[PDB]
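# Commentary on secondary and tertiary structure
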2 protein chains.
Amino acid sequence: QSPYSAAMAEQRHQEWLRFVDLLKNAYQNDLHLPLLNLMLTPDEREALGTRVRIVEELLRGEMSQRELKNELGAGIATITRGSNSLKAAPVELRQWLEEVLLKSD
Amino acid sequence: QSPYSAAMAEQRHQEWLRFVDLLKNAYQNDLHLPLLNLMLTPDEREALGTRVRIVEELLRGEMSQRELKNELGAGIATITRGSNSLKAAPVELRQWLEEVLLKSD
DNA sequence: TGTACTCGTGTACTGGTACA
DNA sequence: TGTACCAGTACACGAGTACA
Ligand SMILES: N[C@@H](Cc1c[nH]c2ccccc12)C(=O)O
Ligand SMILES: N[C@@H](Cc1c[nH]c2ccccc12)C(=O)O
């Protein structure tokens, strides 16, 4: 059993909250897409316009191969793979994610 | 019926904005990490750490130089891509980065 | 027969060398 | 001079296959 610097949410590999404070401080206005450029490949317009499009239906249909995740977008894998959402675990904090969507509780 | 996209239309690409306003709100704590991974790019948790960290230090003066780009974590193709990064932004969006470094604020 | 999951490839990442 | 291509890593984006 090794010791741990307090509990809180960030620990072991935090190095991210210092990232959000500046990443969103720009989000307030149109300064959310100026970060998807200074990094060259951040042209994730498809990795964002198509990936968000996967939960968009995963939280409603979640049937995979039936709407248009890839026939004209991109998700077939990024929409059916969502079944593995455990990777970024939604339920852990989906509680707030649903708060801004449904969180019917 | 129609998405009405003739003039302006909603907040322009609501797909990215809906993911920005929801981010900042949860970006305050760890409610954004579930989304940054289960709805953005999760293995990118390292990519963002290294994609901005290069621009972060780029404005400072390091993380790129036949040895900083590497010691940084993967800035070589990145540090160099950082130049191409201007591609997703004609020095305008990069201007927000300066807003928190030299532009003014 | 249908559908789900897993897999493929290109390249995110990571970093080295050569060229511009 | 540093990076862009290129090499490596392992994954992402994207594809296909297998089972039910
Ligand atoms: N996540 C960034 C990673 C990146 C690629 N090349 C870069 C150059 C500089 C900074 C970041 C990057 C992106 O989407 O591209
Ligand atoms: N970058 C995320 C995007 C993604 C791929 N497949 C998904 C399935 C569901 C939700 C998101 C995704 C990932 O690699 O996982």
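Residues numbered from 1 in each chain as written, not as in the entry; some residues may be left out. Chains lettered and ligands numbered in written order. Heavy atoms only, no water.

## Observations concerning the site of ligand 1
In the vicinity of ligand 1, the contacting residues are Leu38, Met39, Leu40, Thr41, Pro42 and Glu44 of chain A together with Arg51, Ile54, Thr78, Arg81, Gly82 and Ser85 of chain B. Site remark: ligand 1 is flanked by residues from chains A and B. One of the backbone N or O atoms of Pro42 of chain A is found 2.5 Å from an oxygen atom in ligand 1. For ligand 1, whose unbound accessible area comes to 350 Å², protein coverage reaches 93%. Secondary-structure elements contributing two or more residues to the shell around ligand 1 are α3 (44–60) and α5 (76–85) of chain B. When residues of the shell around ligand 1 are assigned to their parent elements, the largest contribution, four residues, is made by α5 of chain B. Among the residues making up the shell around ligand 1, the classes are represented as five nonpolar, four polar and three charged. (Near = heavy atom within 4 Å. Polar contact = N/O pair within 3.5 Å; in protein donor to acceptor, adjacent residues only side chain to side chain. Areas by Shrake-Rupley, 256 points an atom, 1.4 Å probe, with all protein chains shown as cover. Helix = DSSP H or I, 4+ residues; strand = E, 2+ residues; numbered from the N terminus. Nonpolar A, V, L, I, M, F, W, Y, C, P; charged D, E, K, R; others polar.)

## Side note on the protein's contact with DNA strand C
Of all residues adjacent to DNA strand C, which total 19 residues, the nearest are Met63 of chain A together with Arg66, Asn70, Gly73 and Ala77 of chain B. Considering DNA strand C, the proportion of its atoms within 4 Å of the protein that are sugar or phosphate atoms stands at 57%. In the model, a base nitrogen of DNA strand C is placed 2.6 Å from a nitrogen or oxygen of the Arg66 of chain B side chain. Between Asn70 of chain B and DNA strand C, the recorded distance is 2.4 Å, taken from a backbone N or O atom to a phosphate oxygen.

## Description of the interface of chain B and chain A
The interface of chain B with chain A comprises 48 residues on the first partner and 42 residues on the second. At the boundary of chain B with chain A, total buried surface from both sides reaches about 4300 Å², with 73% on carbon and sulfur atoms. Of all residues in chain B, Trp16, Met39 and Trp96 of chain B give up the largest surface area on contact with chain A, accounting jointly for 20% of the area buried on that side. At the surface where chain B touches chain A, the tally comes to three salt bridges. The interface formed by chain B and chain A holds 11 residue pairs in polar contact in total. Contributions of two or more residues to the side of chain B that touches chain A are made by α1 (14–27), α2 (33–38), α3, α5 and α6 (93–99) of chain B. Ranked by residue count, the leading element in the side of chain B that touches chain A is α1 of chain B, at 11 residues. Its residues assigned to classes, the side of chain B that touches chain A shows 27 nonpolar, 10 polar and 11 charged. (Contact = heavy atoms within 4.5 Å. Buried area = accessible area lost by both parts, 1.4 Å probe. Salt bridge = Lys/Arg side-chain N within 4 Å of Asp/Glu carboxyl O.)

## Section: the side chain of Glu57 of chain B
Residues and elements named next belong to chain B. Looking at the secondary structure, you find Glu57 in helix α3. The exposure class of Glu57 is buried, given its relative accessible area of 18%. Setting aside its immediate chain neighbours within four residues, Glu57 contacts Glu62 and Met63. (Buried < 20%, exposed > 50% of the residue type's maximum accessible area, 1.4 Å probe, protein only.)

## With respect to the UniProt feature "DNA-binding region" in chain A
If you check UniProt for "DNA-binding region", the listed places come out as residues 65–88 of chain A in our numbering. A helix fraction of 21% and a strand fraction of 0% characterise residues 65–88 of chain A, whose end C-alpha atoms lie 22 Å from each other. (UniProt positions renumbered as here; feature names shortened; annotations may be inferred.)

## Some points on unusual backbone geometry
All names here are of chain A. Positive phi, normally seen in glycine, also occurs at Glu15, with a value near 25 degrees. Within the secondary structure layout, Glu15 lies in the segment before α1 (17–27). On the basis of relative accessibility, which here comes to 36%, the residue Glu15 falls in the partly exposed class. Look at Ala89: it is not a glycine, yet its phi comes out positive at around 25 degrees. As for its position among the elements, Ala89 is in the loop between α4 (76–80) and α5 (91–99).

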